[PDB]
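Single chain ahead, by itself, as C-alpha cells, in the form deposited in one PDB entry.
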C-alpha cells in the first residue's frame, strides 16, 4: 500500500563550500535525506540549480551512510567517471547533465552494478565545472565500464565525446575510457 514510490536506496544530498579559512566539517552541510521518488522531486524543486551556485560550491548525492569524502571506507579504493564542462556550458548543459546524473543514481540505472555506485558530485568553479559519478572499487573493470557506458548513453553524448575514469588515489590519469 505505497502512496509514494520507494527507492532502492536511501540518499543524502549535501552542500559544500570550498572556504579554506574554515574546517572541512564547518564547510559541509546536510540538505536532506530522502527515500522516495516524490520526496526527491520535493527537494529538487526547492533548492538552487547548480548553474546558479556560487563558484567554489559543490552539490553531492551519496547513499546514506557514505560520507561525501574519498577517505570514507566506501570511497577509499574507488574512483569516478568525470564529466568536464566549460563555464560557458553552465547555463545550457550543467543542470540537465546534473539532473540526469541524479536520475541514474536514484533510478538504479546500472543494473546490478548500481551497487558499486557510491554517489555523484557536481563542482562549480571559475575555471570550469565538473560532474562525476563515484564508484567504490576502481579495480572492478566490468562494473566500472558498464557504468561509464550507460552514463555516456544517458547524457546523450556523441561517440567522439570521450569520458575517463580516474581512481581517487591518482586524482589526489585515466584508468578507463568510454
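Only residues modelled in both forms are compared. Positions refer to the first chain, counted from 1. Whichever C-alpha set is largest while still superposing within 1.5 Å between the two forms counts as the rigid core.
Here the subject shifts to the form solved in complex with a small molecule, a form of this protein not shown in this document.
- Candidate site formed by 69, 123 and 130: every one of these residues places a non-hydrogen atom within 4.5 angstroms of the small molecule in the deposited complex.
- At the 4.5 Å threshold, heavy atoms of residue 171 reach the small molecule in the deposited complex.
- Looking at residue 134, you'd find a heavy atom of it within 4.5 angstroms of the small molecule in the deposited complex.
- Interface residue remark: residue 116 is not counted as part of the site for the small molecule in the deposited complex, having no heavy atom within 4.5 Å.
- With the core held fixed between the shown form and the other one, residue 54 has its Cα displaced by under 2 Å.
- Put the two forms on the same core and the Cα of residue 24 is off by 2 Å or more between the shown form and the other one.
- After superposing on the rigid core, the one stretch of 3 or more consecutive residues whose C-alphas move by 2 Å or more between the shown form and the other one is 23-26.
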